[PDB]
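S.K.: Before I ask anything, let me first share the structure, which is written out below as structure tokens.
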Amino acid sequence: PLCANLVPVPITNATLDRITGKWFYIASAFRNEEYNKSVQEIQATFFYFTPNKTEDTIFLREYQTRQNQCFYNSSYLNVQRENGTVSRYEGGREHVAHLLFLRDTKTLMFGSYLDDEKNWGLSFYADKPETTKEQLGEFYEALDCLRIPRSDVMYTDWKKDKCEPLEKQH
Ligand SMILES: CN(C)CCC=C1c2ccccc2CCc2ccccc21
């Protein structure tokens, strides 16, 4: 069953435990042009999830590299458990994404606009800044499911990261 993992899955405390920690933004692709535009500029990103299960929020410490600068932000994501989504209002708009999983327990994906063939996309994250060819195939196989060509994928370059020195300064 190839595209079974693109179906929404409710978020439990176990799910929240699973995503607790440091993750690295690996790659994404979208049919939505706004997200293509903003995500293009991303050279690298790592981040921390610290869920508050009682509040259905996730504390986010984000370390983004664009134009060879480090942009650091903290904020809370809201969790909508039945729907398997997480959200965050930012720069005017509410953003929502489905939390989706691959077979590799060391990776995760966020799904944007999943209900819309004109706008859908997937972003891929791993617990290392570099991914194995196995992890990357599971991600491509999820793109294949959304009929998004592999050549549309935007990648981070862990060579380009400027945030390590701030995260340690923290
Ligand atoms: C282009 N982006 C927005 C694609 C979705 C990715 C995420 C995400 C994932 C991991 C760490 C931080 C963020 C921040 C942004 C945000 C806001 C709401 C829901 C999901 C998301």
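Note that the numbers count up from 1, one per residue, in the order the chain is shown.
A Cβ is built for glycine as well, from the same backbone N, Cα and C atoms used for every other residue.
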S.K.: Disulfide-wise, see what Swiss-Prot says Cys3 is paired with, picking from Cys70, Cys145.
M.R.: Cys145
S.K.: Can you tell which of the disulfide-bonded residues (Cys3, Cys70, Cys145, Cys163) has the fewest other C-beta atoms within 10 angstroms of its C-beta?
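M.R.: Minimum Cβ neighbour count within 10 Å, taken over the disulfide-bonded residues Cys3, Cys70, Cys145, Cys163, occurs at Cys3.
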S.K.: Among the recorded positions listed here (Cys3, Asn52, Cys70, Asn83, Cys145), which has the Cα closest to the Cα of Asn13 (N-linked glycosylation site)?
M.R.: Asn52
S.K.: Can you count the other CB atoms that lie within 10 A of the CB of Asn83 (N-linked glycosylation site)?
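M.R.: That number is 15.
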